[PDB]
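In the block that follows, a single chain appears as structure tokens, in the form deposited without ligand ADP.
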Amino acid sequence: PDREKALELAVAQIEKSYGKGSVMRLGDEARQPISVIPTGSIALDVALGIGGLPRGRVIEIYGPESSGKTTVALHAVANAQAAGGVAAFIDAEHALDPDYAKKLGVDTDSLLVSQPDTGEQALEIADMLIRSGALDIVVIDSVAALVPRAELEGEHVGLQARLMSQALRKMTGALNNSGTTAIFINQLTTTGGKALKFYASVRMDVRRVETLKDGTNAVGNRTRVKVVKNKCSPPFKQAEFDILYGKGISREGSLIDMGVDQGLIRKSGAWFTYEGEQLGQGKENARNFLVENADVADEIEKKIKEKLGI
């Protein structure tokens, strides 16, 4: 009785002294912001607690080569644009496929792109963009590619981490004020991510778990994402979803998964049913049905959000 108040007091002082998400019980509900950047998977949006990526914060998305981390980033870009936002993409990798981006939903024509000469030029340009107040989202591809000028110009070793540290402490204020989200893509956490690990409000570990198949042909990959860090909602939640080659994150696939998870979609055998109606036999028909019938896919989306507050 007398200790329940001391803990509430303790938590409050921590909250006041260090910020809103400085301590949380893992069973807590998330405090919902006004706006967020949805990820493309409702499952991931739920895993993040606040229904998507936070605004005015640093995000890290890391994983192996071709884990899907860039696909997740590009979906964040599409949704930011889809709600009238402007996007930028700081590219030190030169791997971007705009056609793939296009099929996800990215307005590539409007997408600001920069291919900077050095790591510090990359971060300075990003910061220049962020302070404009005009961007909703900027993506940095990638952390490891942010090679310092000195190293590129042929000149001890350790200053890439120092470059990130310096840049992030300056960038973090610019992001809060602007309400711009910065997503750092990072490989396997790798060459400056040790500062990013503490500056990031969200960190997402992205991985392939199995190849999806249409008979013997590889159509895509089931993808798993763990929110290892989350300052806006309890951390350590994970989600799975499908990335289909040439299309990206199957929005409809996630609606079904979370649909059955939430009891909104029942399962009379291999038949997925919704509201007395039938959606399809097997996952693909249920999936294909939802894209062909966008109105019911939004019905299922609104219902899932209502049950969880997302």
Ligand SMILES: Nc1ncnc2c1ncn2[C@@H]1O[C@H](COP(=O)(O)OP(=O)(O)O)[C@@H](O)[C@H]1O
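When you see a residue number, it is the position in the sequence shown, counting from 1. We call the rigid core whatever largest set of C-alpha positions still superposes within 1.5 Å between the two forms. Residues that one form lacks are left out of the comparison.
What comes next is about the form solved in complex with ligand ADP, which does not appear here.
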Is the gap between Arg208 and ligand ADP in the deposited bound form 4.5 Å or less for some heavy atom pair? yes
Closest heavy atom of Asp214 to ligand ADP in the deposited bound form, within 4.5 Å or not? no
Consider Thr70 of the chain shown here, and say whether it contacts ligand ADP in the deposited bound form, taking contact as heavy atoms within 4.5 Å. yes
When the contact criterion is heavy atoms within 4.5 Å, does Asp97 count as touching ligand ADP in the deposited bound form? yes
Determine which one of 245 to 253, 281 to 289, 31 to 39, 267 to 275 lies within 4.5 Å of ligand ADP in the deposited bound form, judging by heavy atom distances; exactly one does. 245 to 253
Work out which of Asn221, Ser178, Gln160, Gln81 lies within 4.5 Å of ligand ADP in the deposited bound form, going by heavy atoms. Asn221
State the residue from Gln121, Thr172, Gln187, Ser132 whose non-hydrogen atoms include one within 4.5 Å of ligand ADP in the deposited bound form. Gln187
Superposed on the rigid core, segments between this form and the one not shown of at least 3 residues with Cα shifts of 2 Å or more: 214 to 216
